[PDB]
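In: take a look and give me a structure for this.
(chains A and B, ligands or ions: 1)
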2 protein chains.
Amino acid sequence: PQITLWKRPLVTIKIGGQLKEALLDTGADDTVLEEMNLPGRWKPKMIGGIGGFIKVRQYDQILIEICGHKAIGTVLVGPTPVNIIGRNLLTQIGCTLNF
Amino acid sequence: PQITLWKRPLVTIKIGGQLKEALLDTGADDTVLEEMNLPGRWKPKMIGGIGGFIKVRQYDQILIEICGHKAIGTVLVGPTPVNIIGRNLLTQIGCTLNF
Ligand SMILES: Cc1cccc(C)c1OCC(=O)N[C@@H](Cc1ccccc1)[C@@H](O)C[C@H](Cc1ccccc1)NC(=O)[C@H](C(C)C)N1CCCNC1=O
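Out: Numbers count the residues shown, from 1 in each chain, chains lettered A, B, ... in the order given. Coordinates below:
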């Protein structure tokens, strides 16, 4: 679909079998989700954005469906204020900016 | 134009007589630019990122040219590591997400 930006581009996602609301974020290199339980091994990582750094758990090769489009890639889980879908997954669903 | 998301969507902007590189960020409600000396009145503001908040100066009705597309609105200025073009200005240049 074509999504205007008068409101936050929030969409429903499905990960680990659970439905969530997440932000399509072209300003994010990575995908970071709020604290949750995901199966599989993880590695402790840290990312620094505006405001400082946070500790996250990196899950690789995680299935995630974004607005009906499937993706498999790296998902970070930690104390992020909002579920963020980053460019690593936005590219997989064929997302582009257009004006 | 159409901008893929394989790399950071960075584009050239013109503000206050200066040319700069800025990030088209659908995950940013507002626009925040690296520290610069804009004239006129301003109001303090704090904006939240992934790691916390930073203090910025809010300037209203500031003209910015984004890829040749003009826009006028609120521009925040503060210790941001990256120039960020937010939804308040992306809407003005007719920017959409498409997949
Ligand atoms: C939310 C908001 C409100 C008002 C004004 C502004 C500018 C606002 O946006 C501020 C903001 O940080 N939004 C982020 C997502 C957001 C929305 C709401 C709350 C919190 C965050 C995201 O889109 C932009 C921001 C840019 C950035 C900053 C420093 C270093 C690198 C990149 N990108 C990142 O932080 C990403 C994270 C998300 C994986 N990130 C950090 C690891 C390095 N690379 C990278 O890409």
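
In: report the closest residue of chain A relative to the ligand.
Out: Here the residue of chain A nearest the ligand is residue A:49; by C-beta to the nearest ligand atom that distance is 2.6 Å. Bear in mind the C-beta positions are built from the backbone N, C-alpha and C, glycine included.

In: tell me what that residue is bridged to.
Out: Using DSSP bridges, the beta-bridge partners of residue A:49 come out as residue A:52.

In: next one: residue A:59
Out: On the basis of DSSP bridges, residue A:59 is bridged to residue A:75.

In: thought it was touching residue A:73?
Out: No - with contact defined as C-beta atoms under 8 Å, residue A:59 does not reach residue A:73; the gap is 9.5 Å.

In: okay, the two: which has more neighbours?
Out: residue A:59 (23 against 17; other C-beta atoms under 10 Å in any protein chain shown).

In: dump the residue contacts of that one.
Out: Counting by C-beta atoms under 8 Å, 6 or more residues apart in numbering or on different chains, residue A:59 makes contact with A:38, A:40, A:42, A:74-77.

In: same for the ligand: which of these are within range?
Out: Checked against the ligand using C-beta under 6 Å from any ligand atom, the contacts of residue A:59 yield no neighbours at all.

In: and the residue of chain A closest to the ligand, how many neighbours does it have?
Out: Residue A:49 has 21 neighbours, counted by other C-beta under 10 Å.

In: that one and residue A:41: what is the separation?
Out: 25 Å (C-beta to C-beta, to the nearest Å).

In: hang on, the earlier thing: pull the most distant pair out of the contacts of residue A:59.
Out: Spatial extent of the contacts of residue A:59 (C-beta to C-beta) is set by the pair A:40 and A:76 at 13.3 Å.
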